[PDB]
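Colleague: Dropping a structure here in structure tokens format, bear with me for questions.
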Amino acid sequence: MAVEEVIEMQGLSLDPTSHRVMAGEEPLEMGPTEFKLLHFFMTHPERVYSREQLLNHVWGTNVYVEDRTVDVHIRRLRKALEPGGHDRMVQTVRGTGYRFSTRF
């Protein structure tokens with residue numbers, strides 16, 4: 001278990017190299033966008049992020065997608081964390097923004 005910078009947060013081992021996530025051991029596959037959200041959330045824990053911010057970071061405003069699209073990918077990410085029950089970490093602050101609440 002060693003590859004570049006493996007971000008092990010709350011047992012959620014994220015591998016930016018292979019775009020892979022392991023909840024302690026259980027592999028969790030999902031879309032690249034979902035992976036980006038999680039990776040960005042990990043590099044910026046306990047910080048409220050609006051749809052606009054995520055779009056300007058993860059999506060990098062590559063395409064003029066709707067704000068709703070953020071909720072769609074966020075739902076995918078959360079659902080991907082549903083088995084491990086880690087979805088709770090990705091807090092959905094209504095339709096205002098989101099946040100990665102590990103524990104602090």
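Chain labels follow the order of the structure tokens: the first chain is A, the next B, and so on; residue numbering restarts at 1 in every chain, and ligands are counted from 1 in their shown order.
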Pick out the residues sitting within 12 Å of segment 63-69 of chain A, and hand them over as a list in words; count only C-alpha atoms, and ignore anything fewer than 2 positions along from it in its own chain.
Modeller: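 The residues satisfying every condition are residues 33, 34, 50, 51, 52, 53, 54, 55, 56, 58, 59, 60, 61, 71, 72, 73, 74, 75, 76, 95, 96 and 97 of chain A.
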Colleague: Please produce an output containing C-alpha atoms for each residue in the selection, written as a short mmCIF file (atom, residue, chain, number, x, y, z; two decimals), in the first residue's frame.
Modeller:
```cif
data_model
loop_
_atom_site.label_atom_id
_atom_site.label_comp_id
_atom_site.auth_asym_id
_atom_site.auth_seq_id
_atom_site.Cartn_x
_atom_site.Cartn_y
_atom_site.Cartn_z
CA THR A 33 -16.12 14.18 -11.45
CA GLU A 34 -17.20 12.41 -8.24
CA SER A 50 -20.71 26.58 -3.04
CA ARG A 51 -21.76 25.03 -6.35
CA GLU A 52 -19.97 27.88 -8.14
CA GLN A 53 -16.71 27.06 -6.32
CA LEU A 54 -16.88 23.35 -7.10
CA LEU A 55 -17.74 24.18 -10.75
CA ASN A 56 -14.76 26.60 -10.88
CA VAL A 58 -13.60 20.30 -10.19
CA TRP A 59 -15.39 21.10 -13.48
CA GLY A 60 -12.92 23.98 -14.03
CA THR A 61 -15.75 25.75 -15.93
CA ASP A 71 -26.03 18.16 -6.92
CA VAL A 72 -26.21 15.27 -9.42
CA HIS A 73 -22.49 14.39 -9.10
CA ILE A 74 -22.61 15.11 -5.35
CA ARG A 75 -25.47 12.60 -5.07
CA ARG A 76 -23.37 10.06 -7.02
CA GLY A 95 -28.99 24.33 -2.05
CA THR A 96 -26.30 26.74 -0.79
CA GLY A 97 -23.19 24.54 -0.83
#
```
Colleague: If we count only C-alpha atoms and set the cut-off at 10 Å, which residues sit around residue 89 of chain A, ignoring sequence neighbours fewer than 6 positions away in its own chain? Please answer as a list in words.
Modeller: residues 10, 41, 45, 46, 78, 81, 98, 99, 100, 101, 102 and 103 of chain A
Colleague: Generate the output file for the selected residues, C-alpha atoms, as a PDB file, in the first residue's frame.
Modeller:
```pdb
ATOM      1  CA  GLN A  10     -11.238   8.814   8.080  1.00  0.00           C
ATOM      2  CA  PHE A  41     -12.883  17.969  -0.383  1.00  0.00           C
ATOM      3  CA  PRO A  45     -11.465  19.664   4.827  1.00  0.00           C
ATOM      4  CA  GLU A  46     -14.058  21.487   6.977  1.00  0.00           C
ATOM      5  CA  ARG A  78     -22.552  10.347  -1.579  1.00  0.00           C
ATOM      6  CA  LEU A  81     -19.953   6.423   0.055  1.00  0.00           C
ATOM      7  CA  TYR A  98     -21.459  21.476   0.627  1.00  0.00           C
ATOM      8  CA  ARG A  99     -18.694  20.578   3.108  1.00  0.00           C
ATOM      9  CA  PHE A 100     -16.365  17.688   4.018  1.00  0.00           C
ATOM     10  CA  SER A 101     -16.891  17.186   7.762  1.00  0.00           C
ATOM     11  CA  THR A 102     -14.511  14.386   8.737  1.00  0.00           C
ATOM     12  CA  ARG A 103     -14.329  15.012  12.493  1.00  0.00           C
TER      13      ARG A 103
END
```
Colleague: What is the distance between atom CA of residue 14 of chain A and atom CA of residue 26 of chain A, in Å to one decimal?
Modeller: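 If I compute the distance from atom CA of residue 14 of chain A to atom CA of residue 26 of chain A, I get 11.8 Å.
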Colleague: Looking only at the backbone, which of the residues in chain A does DSSP tag as strand (DSSP E), as a PyMOL selection string?
Modeller: chain A and resi 7-9+12-15+20-23+26-28+49-50+90-93+97-100
Colleague: Could you write out the selected residues, including N, CA and C atoms, as a PDB file, in the first residue's frame?
Modeller:
```pdb
ATOM      1  N   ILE A   7      -3.982   9.769   0.149  1.00  0.00           N
ATOM      2  CA  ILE A   7      -4.640  10.559   1.174  1.00  0.00           C
ATOM      3  C   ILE A   7      -5.575   9.672   1.982  1.00  0.00           C
ATOM      4  N   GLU A   8      -5.117   9.269   3.162  1.00  0.00           N
ATOM      5  CA  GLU A   8      -5.894   8.429   4.061  1.00  0.00           C
ATOM      6  C   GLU A   8      -6.590   9.310   5.091  1.00  0.00           C
ATOM      7  N   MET A   9      -7.881   9.591   4.866  1.00  0.00           N
ATOM      8  CA  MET A   9      -8.664  10.434   5.761  1.00  0.00           C
ATOM      9  C   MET A   9      -9.921   9.690   6.194  1.00  0.00           C
ATOM     10  N   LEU A  12     -10.810   6.525   4.653  1.00  0.00           N
ATOM     11  CA  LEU A  12     -11.075   6.639   3.235  1.00  0.00           C
ATOM     12  C   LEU A  12      -9.758   6.918   2.511  1.00  0.00           C
ATOM     13  N   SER A  13      -9.131   5.857   1.992  1.00  0.00           N
ATOM     14  CA  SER A  13      -7.851   5.963   1.316  1.00  0.00           C
ATOM     15  C   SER A  13      -8.058   6.361  -0.139  1.00  0.00           C
ATOM     16  N   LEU A  14      -7.723   7.615  -0.463  1.00  0.00           N
ATOM     17  CA  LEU A  14      -7.851   8.138  -1.813  1.00  0.00           C
ATOM     18  C   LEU A  14      -6.489   8.089  -2.508  1.00  0.00           C
ATOM     19  N   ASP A  15      -6.484   7.621  -3.761  1.00  0.00           N
ATOM     20  CA  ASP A  15      -5.278   7.499  -4.569  1.00  0.00           C
ATOM     21  C   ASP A  15      -5.453   8.359  -5.825  1.00  0.00           C
ATOM     22  N   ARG A  20      -8.571   6.082  -7.494  1.00  0.00           N
ATOM     23  CA  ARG A  20      -9.184   4.978  -6.776  1.00  0.00           C
ATOM     24  C   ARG A  20      -9.441   5.387  -5.329  1.00  0.00           C
ATOM     25  N   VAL A  21     -10.527   4.864  -4.746  1.00  0.00           N
ATOM     26  CA  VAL A  21     -10.889   5.146  -3.365  1.00  0.00           C
ATOM     27  C   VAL A  21     -11.193   3.831  -2.661  1.00  0.00           C
ATOM     28  N   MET A  22     -10.658   3.656  -1.446  1.00  0.00           N
ATOM     29  CA  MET A  22     -10.870   2.444  -0.669  1.00  0.00           C
ATOM     30  C   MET A  22     -11.314   2.817   0.743  1.00  0.00           C
ATOM     31  N   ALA A  23     -12.542   2.432   1.116  1.00  0.00           N
ATOM     32  CA  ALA A  23     -13.059   2.698   2.451  1.00  0.00           C
ATOM     33  C   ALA A  23     -12.464   1.676   3.409  1.00  0.00           C
ATOM     34  N   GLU A  26     -12.632  -1.843   1.295  1.00  0.00           N
ATOM     35  CA  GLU A  26     -13.667  -1.962   0.275  1.00  0.00           C
ATOM     36  C   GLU A  26     -13.446  -0.920  -0.833  1.00  0.00           C
ATOM     37  N   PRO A  27     -13.217  -1.363  -2.093  1.00  0.00           N
ATOM     38  CA  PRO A  27     -13.019  -0.463  -3.211  1.00  0.00           C
ATOM     39  C   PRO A  27     -14.327   0.247  -3.553  1.00  0.00           C
ATOM     40  N   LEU A  28     -14.249   1.556  -3.831  1.00  0.00           N
ATOM     41  CA  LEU A  28     -15.416   2.359  -4.170  1.00  0.00           C
ATOM     42  C   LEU A  28     -15.180   3.055  -5.508  1.00  0.00           C
ATOM     43  N   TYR A  49     -18.198  24.985   0.622  1.00  0.00           N
ATOM     44  CA  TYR A  49     -17.961  25.252  -0.788  1.00  0.00           C
ATOM     45  C   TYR A  49     -19.287  25.320  -1.523  1.00  0.00           C
ATOM     46  N   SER A  50     -19.493  26.396  -2.280  1.00  0.00           N
ATOM     47  CA  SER A  50     -20.712  26.581  -3.041  1.00  0.00           C
ATOM     48  C   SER A  50     -20.606  25.826  -4.361  1.00  0.00           C
ATOM     49  N   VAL A  90     -19.750  14.154   3.518  1.00  0.00           N
ATOM     50  CA  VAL A  90     -20.105  15.123   2.494  1.00  0.00           C
ATOM     51  C   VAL A  90     -21.465  15.713   2.865  1.00  0.00           C
ATOM     52  N   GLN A  91     -21.452  16.805   3.630  1.00  0.00           N
ATOM     53  CA  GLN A  91     -22.670  17.434   4.097  1.00  0.00           C
ATOM     54  C   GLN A  91     -23.268  18.286   2.992  1.00  0.00           C
ATOM     55  N   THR A  92     -24.570  18.114   2.750  1.00  0.00           N
ATOM     56  CA  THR A  92     -25.287  18.887   1.754  1.00  0.00           C
ATOM     57  C   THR A  92     -25.945  20.076   2.449  1.00  0.00           C
ATOM     58  N   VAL A  93     -25.305  21.250   2.378  1.00  0.00           N
ATOM     59  CA  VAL A  93     -25.825  22.450   3.015  1.00  0.00           C
ATOM     60  C   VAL A  93     -26.952  23.018   2.155  1.00  0.00           C
ATOM     61  N   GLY A  97     -24.501  25.099  -0.558  1.00  0.00           N
ATOM     62  CA  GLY A  97     -23.194  24.537  -0.827  1.00  0.00           C
ATOM     63  C   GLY A  97     -23.045  23.164  -0.185  1.00  0.00           C
ATOM     64  N   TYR A  98     -21.791  22.770   0.054  1.00  0.00           N
ATOM     65  CA  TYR A  98     -21.459  21.476   0.627  1.00  0.00           C
ATOM     66  C   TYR A  98     -20.249  21.636   1.544  1.00  0.00           C
ATOM     67  N   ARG A  99     -19.825  20.544   2.183  1.00  0.00           N
ATOM     68  CA  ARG A  99     -18.694  20.578   3.108  1.00  0.00           C
ATOM     69  C   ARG A  99     -18.248  19.156   3.440  1.00  0.00           C
ATOM     70  N   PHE A 100     -16.937  18.977   3.659  1.00  0.00           N
ATOM     71  CA  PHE A 100     -16.365  17.688   4.018  1.00  0.00           C
ATOM     72  C   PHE A 100     -16.063  17.677   5.516  1.00  0.00           C
TER      73      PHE A 100
END
```
Colleague: Please return as a ChimeraX atom specification: the residues of chain A that backbone DSSP assigns to alpha helix (DSSP H).
Modeller: /A:32-43,51-54,67-81
Colleague: Mind pulling up the distance from atom CA of residue 86 of chain A to atom CA of residue 16 of chain A?
Modeller: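 One can read the atom CA of residue 16 of chain A to atom CA of residue 86 of chain A distance as 18.6 Å.
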Colleague: Considering only C-alpha atoms, state which residue in the set A:4, A:84, A:62, A:39 is at the smallest distance from residue 25 of chain A.
Modeller: A:84
